[PDB]
């Protein structure tokens, strides 16, 4: 009988001299042609990408012509690809995207939530009675969905539904990019009420490598993919925002590194100039582990660019300080990433 191997320990969290907690996980690094550069752990069992694949889901917004018809630039494209903090800049831009399609917050079907970022949440609490759908981290993606529908005269009502034309189109796009089979059996409902399709990490990484390089893509999809990847790297605040790893990681080497977090410990990334796509998951779903793992994986490709490498290693290995500012331990990606 075959079985699945136990995932290796990818991240340790120390206190004093001891490992206090440990995370296991898996990483796939795939080039534009589909060759596996590097991997750790189980890259074949299907994993939910959650928000990490928002740039794939943003392809309808661009390919439909809607982004151009509505005058969207890199900030709107980045927001369409974002799990944003719900800061005022994000909420205003989502509202503007909807308004250009003749719609408003009432068209959003994602629901509302308070910021998961503590400083932004404090700001929101002090200025709002309750968040609205615009504050949802997925509001730019859903504004992008609504814009793709309205530009094409598709009724956006029910755009979250499995057989709404928008979800039909997103399945076709993601199957083409990743080569995975996306069906009801491997589908769940995402935090924002749209389908999320579990697929192998190997396929997810391959899909990001294709977006990053154009390999295997028809001309319009290759061009739209470049636009999205470049918009995210050009306006990284709009992908995440203040205090956030995705934003800071895309400020290390401006215009060269694409990253995107997903809920439950997922990260996707790409390095266009190296032809590389990356996907990963921390087995237990911890964000702190996925962040350390994506920085340590990226660092493998910048070892001779000392300033970039040092900045990535500062996310791969990070100090923890207590409320008095005393160093108590570290969160560190393990040696499997440098071997």
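Positions refer to the first chain, counted from 1.
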- Higher avg CA temperature factor (185-193 vs 199-207, as deposited) belongs to 185-193
- Item | Of 75-83 and 111-119, the one with larger mean CA B-factor | 111-119
- Task: Could you check 9, 328, 17, 13 and tell me which one carries the biggest Cα B-factor in the deposited entry?
- Result: 17
- Of the options 41, 65, 285, 49, which has the highest CA B factor as deposited? 65
- Check where residue 306 lands among this chain's C-alpha B-factors and tell me if it's the lowest, middle or highest third. highest
- Task: Grab the CA temperature factor for residue 90 from the record and place it in the lowest, middle or highest third of its chain.
- Result: highest
- Of the three thirds of Cα B-factor ranks in this chain, residue 136 occupies the lowest
- What third of its chain's C-alpha B-factors does residue 265 belong to: lowest, middle or highest? lowest
- Lowest, middle or highest third - CA B-factor, residue 275: middle
